[PDB]
Structures are given as C-alpha cells and as structure tokens.
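Here are two versions of the same chain, shown separately as structure tokens and labelled structure 1 and structure 2.
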Structure 1
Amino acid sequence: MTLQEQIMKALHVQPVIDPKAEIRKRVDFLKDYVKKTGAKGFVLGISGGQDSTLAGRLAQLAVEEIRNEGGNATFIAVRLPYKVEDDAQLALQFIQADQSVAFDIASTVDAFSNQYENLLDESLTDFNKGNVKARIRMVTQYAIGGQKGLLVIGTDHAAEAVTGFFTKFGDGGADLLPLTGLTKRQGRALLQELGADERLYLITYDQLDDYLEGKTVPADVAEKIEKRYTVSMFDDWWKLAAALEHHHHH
C-alpha cells in the first residue's frame, strides 16, 4: 500500500461519503454504546467549534431516538467559558439539547493558577495554562457524567490531528469518539445535511483533507504531510512535542 492508503486505513477515512448514511451510522454508533455500557446518555462541552456542534447534534438525535423506541436517554450540553461567545450560543440553538448548563471554569482555573504561581514561584505560561483550562473542562464533563450516569463524548483525536497537524490543548480523553474517520470538510457536509446555520461551519485544512480523502495532491504537499506522519497514539506525541517546544522557546 502507498503511504497515503495506509494512513487512510489507519484513520478510517473514506474518499466518498453519503452524509445521510454517515449521520445514520454515527447516531447508531452512539445508541449502541449507550446500550452496551448501561449508561443513561451523554454529556458534551459545547464550544462553538465545528466538531462539538456536529457531535452535539448527533447526540441529541441519538437520545431522542432511544426515547422514541421506549428507552431512557438524556443529553446534557455544557458551555465551559473561562470568564467570557455567540458561536457557542448559536451552536446550542442548533443542537437543542435536553439540558444546557452554563459552567464558568474561571474560579477553578484561577484557584489552581494562583496556587501554582505561589508554590512554584513562577507564572504559568499561556500555553501551559491552555492545557490547564482544557483539562479542567474535562474534569467538569466527567463530574457531570459521573453524577448523571452519562458518557463523555470527545472531539479530539481528529484525523488531521493524528496526522500531526492542528493539535488541540488537553489530553483528548473521552468515553466515545463519534466523529472518528471524518475529515473537517466531511464534517462540514454532515452539518449541511443537518441544516445547521452556515455560520456554524464557515499546509492548510483543504490540502490536508484532500490528501486524507484519497485525492491527488501536488508532490510537495504529499511530501510535507507524509513527512510528519512518519515522524510519529500519534496525536499524543504531537501534544507532548508542542508542550516541550513552547517551554524551550519560552
């Protein structure tokens, strides 16, 4: 297999998808995991980002279907601002979750930061604080999940990230990853099919997504992408490398 074919197989990306069928398959994936684990539903942090907007809508459709089939399921969407968006609100209006919680993480993040800066006698850098915030957001989702018997839906470990590009803050841990196999642009296709407000979804992502979707791309573009894939979960390696690099050049 060409390296491109190996990558696609490893990331489960398909060259051509059927949006309606993708939504069907992923809503089923969610419904099946609920049944297998005995969970009462899902919880997800809604940031206004494309991934959580799509994953959130899929979760709402899933619990509605479960209830329609005579089962018990609930979806709790949680907004996790640090002090202070309209994108998040717009996403919540699209998702229409059973419960929408506004949980400011500032008092927790600041208590940690204040303790850290006092005990270690140094200031937390923007990058490391970025990871603290991401982790505190996960603490919040897992606390809600644990208190309500829900599964935490994750949006990290996206195809592009595993490849080595566009890495996110945080460790990416979650109970389920319903968007596995989709590129950023394919996700855009699902959101369109779901009727989301276009504003919710409107090397580069296009070049990278062309490559991941098995399309033909310039030799140099392929070289750059395969170069990073070979240097390398692959995603975790890039998260650690980023932390080390920022510390080094700080």
Structure 2
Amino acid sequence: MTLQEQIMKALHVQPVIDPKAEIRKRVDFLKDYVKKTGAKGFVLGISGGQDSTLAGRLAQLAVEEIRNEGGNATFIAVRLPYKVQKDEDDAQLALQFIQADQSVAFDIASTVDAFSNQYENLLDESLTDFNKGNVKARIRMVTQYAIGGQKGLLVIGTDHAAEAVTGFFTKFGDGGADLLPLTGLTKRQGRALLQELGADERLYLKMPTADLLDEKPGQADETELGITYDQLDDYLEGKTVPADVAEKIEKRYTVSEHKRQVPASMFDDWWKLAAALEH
C-alpha cells in the first residue's frame, strides 16, 4: 500500500469511470441526503469555474428529479464576486448551462472591505493580499449559509480529489459546506462529466483559478501549485509520474491533513502519526 495508493483510497478516487453512471450516483447522492434532512433544496456559489459549474448542474438535476418524484425542492445559484469579477462573462456562461431554479448576485466587497478596514485600523497592520483573499473565501461561505439558513437549504461544496489531495481550498471558506457531490473525481474526470452533460467546451477548458488575490487576479492554480493538473490527475489515477512530482504532491498532501479532518483533539491520531503539518 504505497503512499500514492493510500491517497487514492482515502480520497475515493476511481481510476476509471463511466461518466453517465457517475452523474447518476452523484445526482442520487444529493437526493438521498437532502431527503434524510428534510431540507427545502440547495444553494451553491457559481464562479464560472469548472467545479461549481459541474456541481451546479448536478444540483439542478437533483431538485428537478425531486420535483418529478412528487417532492418540494429548489436550487439557488449565487454569484459571489468581489466588486467586478474579472471573468464575469464566464460565470454568466456557466449560469446559462446550469439553468438554476433561481440565480442571484451578492457582491461581497462591502462585507470584506468592512472587515479589512477594521483589521488594519485596530491591529495597526494591513492584511496581506493572501490573508485578505482568505477573508473573501470565508465571507463567500457566510453568504451561502445565510441564504441557506433563511430558505432552509443545504450548502453544496465543490471539493473533489484534485483539490483535496493538495488541500487546495480555504478552511471554513469554500472548504466549509454540508454536502460534497464531487468527492473522488480528478480534474479531468470532472471535465468528462461536463462533456457528457453537454457543457459548452469553454466551461471545462477554462483555466482553474481560485481568483482571490487583489494583485494577481485570475492566477492559475497550477502557477501556485507548481504541479499541473495533468500530473495531479495522473498521480491520483494511479499512473506513474516523475519522482520529483510524486514527492511534492505527497508532502503537500501530508502537511494539509488538518484541512481534511475536523479540528484535532488529544484523542485523534492523524496528527500524531504525522511527521509535520503546515497551516
């Protein structure tokens, strides 16, 4: 059980998939969970990026099916830009593909800026571009839980294998959610579900980006990772990759275990077994 193999199991990566069937199980998952909770439906932030675009469509399929089955459900797609979003066009295009029951825009700037003006003031230092970026992510979570709490909806998270392995998300930010329909899928697999669902090619060929920085907006995930998604997917799918690559992915993975676990207490082992951990 090599480390790479241990990661594949833990992240529920299926080395080979039938897109149609995957879409089936994932849409089935949203329905079964929402049914167990008695929630009125779902809420998800659509960024124009591949993952939310895909999670979004799976959500609309779920609620429509819940309706045809004789139930009451709804999906609200929510645009959460900071001021004018660089790729607003792309988000709109994703919205055109999703066909959400409802769609609404909530600029988070007033909230974020209120917080950072307050921080700099009272703490006599300004938030670095990075930390400020994490504020944006977290405020996006607050917004989705606000709408969800008011309308009785579950918050869909877009975490998948490609982001989980490198722990590429903000703790309690986009990482905080109730339901994860993309769990286990590699980046290229996610694209394969979009193709099967007939998504405009522009929607899955777009450059993955968290777009949080004020000075490097739209920054390529890969540019921050130092690892391309071809590699990550290769690794996750069980293929072989340059020892150079494997090792980097494996260290990023082990140092981010805290992001894939609930808060550590003295009764947990994962942090004890761990060589190190970086926050």
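The term rigid core refers to the most C-alpha atoms you can superpose between the two forms while keeping them within 1.5 Å. Numbering runs along the sequence of structure 1, starting at 1.
For the listed set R79, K129, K168, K148, the sole C-alpha moving 2 Å or more between structures 1 and 2 on a rigid core superposition is that of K168. Superposed on the core, the two forms barely differ at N68: its CA moves less than 2 Å between structures 1 and 2. Relative to the superposed core, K31 undergoes a Cα shift smaller than 2 Å between structures 1 and 2.
Shown in the overlay between structures 1 and 2, fitted on the rigid core, is a CA shift at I95 smaller than 2 Å.
Here the two forms are laid over each other by their core, and the C-alpha of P218 is off by 3.9 Å between structures 1 and 2. On a core-based overlay, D18 has a Cα shift of 0.4 Å between structures 1 and 2.
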